Every structure is written in C-alpha cells, then in structure tokens.
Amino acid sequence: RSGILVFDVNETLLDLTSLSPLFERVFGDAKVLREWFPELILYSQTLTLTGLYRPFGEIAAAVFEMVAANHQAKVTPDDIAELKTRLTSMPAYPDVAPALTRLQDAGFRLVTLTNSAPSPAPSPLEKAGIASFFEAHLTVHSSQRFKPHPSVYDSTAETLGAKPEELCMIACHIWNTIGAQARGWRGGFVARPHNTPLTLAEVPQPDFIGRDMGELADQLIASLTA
C-alpha cells in the first residue's frame, strides 16, 4: 500500500482556539491559551522524563490552575468542568475532512495518535464527525509516557505492523514531528495558528510542510510517484 499517515489529534485535527473563550473569560486574555498549552506540554514531558504518569486531561486541568495562580486570576470547580467539556469537544478544522477524503482516495491508510487517554463513547473525534476516516485510534495511555518519548512511536509502529519508512507523523507540533523523525519516521507539519518550524542546527526539519491540511495533503499525494 501507499504507506501510513499517523495524525496528532489535539490542535492538529481539532481546533484548539475553540478554548479561547475560556481564557478570555478567566484571564481577560484569550492569548493566555498560548502560555497554558506549552506549560501543559512541558509538564507532560517532565512526568515522562521522571517516570511519572497521569492522564493528559488531569495534567491539563492542574496546569490550568497553575497558570491561573501565576496570573493572579480566580478559578472555580466550574471553570474546570468547562475546560474538560471544551478540550474533549473541539470541532474539526474545515480543511480536515476534505483533505482526509483525498488521502483516502490516494490509497493512504490513516491512523490517529493522541496524548489524550481513551474516553468512553463518544470520543472527541466522534463528536467532531471525522472518526470513521481512520482505521485506528491510538493513545499514549498504553505507553504511559507522552510524546515525544521514543516508545510511543515505536509501539505505534509495532501495533500497526509497519516499518519506520512506511510511516509519516502529522502534527502542527514541531516537537511531535521531531520525535517521530528521530525514530526514522517521516514528519508532516501543518501550520495551524501559532505554530512555526523551529530552525535549529542539527535538528531535522519537517519532510513535508503545508500552511493547511489541504496543502499538506497535496505534497503527500504528489510524492507517491514523484
């Protein structure tokens, strides 16, 4: 077959800016979303480095509290339930289903891989109406370590019975494409708002770079026989 596309879910497929109104209300500033998210990602990596694990959603809440304390902003048990509700209910970007349709047409197998723990029905991909584009939905939960620990990717390849060379990781997170590339995967970057390639010496660049999912799908579609 044409090879296997492994999509990150939060922010890559599902719209993180949908959480803006929560930061708008609590902090008076929607842009704090851009502080809370790196802090979330920082702590997940910290737990992973130190042999510790909690579900992504619990880390997310706790980090929300912590960013709250830092900014001198009040938080209630209710602000927490709204974070869970929103985080688990982000809608698909408009460019997604079109692009996944086209990739399905080109003979690509499509798979999701997320930091989120398995939820009960319906999943965030189900509520967003795009779950059935994928043959599998994999999570870091089975690894008990967050991306980009090598074992997440390696156990993903194992489970899919694919070789590194067959796999391409798709994210708007440079840290995620880096992690996958370090294992010999290909890496597809999609430039969702507030993500731009890190240019740094010795650090491999994304193999494929699109300003959106449609553009990224073209380049993957194109290089089937380039």
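Throughout, we count residues from 1 along the sequence that is shown.
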{"query": "Per the entry, higher mean C-alpha B factor between 20-28 and 6-14", "finding": "20-28"}
{"query": "Entry-level comparison of average CA B-factors, 118-126 and 131-139, reporting the higher stretch", "finding": "118-126"}
{"query": "Deposited CA B-factor, highest of 100, 80, 87, 152", "finding": "80"}
{"query": "Options 38, 193, 179, 164 - largest CA temperature factor per the record", "finding": "193"}
{"query": "Third of chain Cα B-factors occupied by residue 96", "finding": "middle"}
{"query": "Residue 61 by Cα B-factor - lowest, middle or highest third of the modelled chain", "finding": "lowest"}
{"query": "Entry-reported Cα temperature factor of residue 48, expressed as the chain third it lands in", "finding": "lowest"}
{"query": "For residue 147, the third of its chain into which the C-alpha B factor falls", "finding": "lowest"}
{"query": "Chain thirds of CA B-factor: placement of residue 169", "finding": "lowest"}
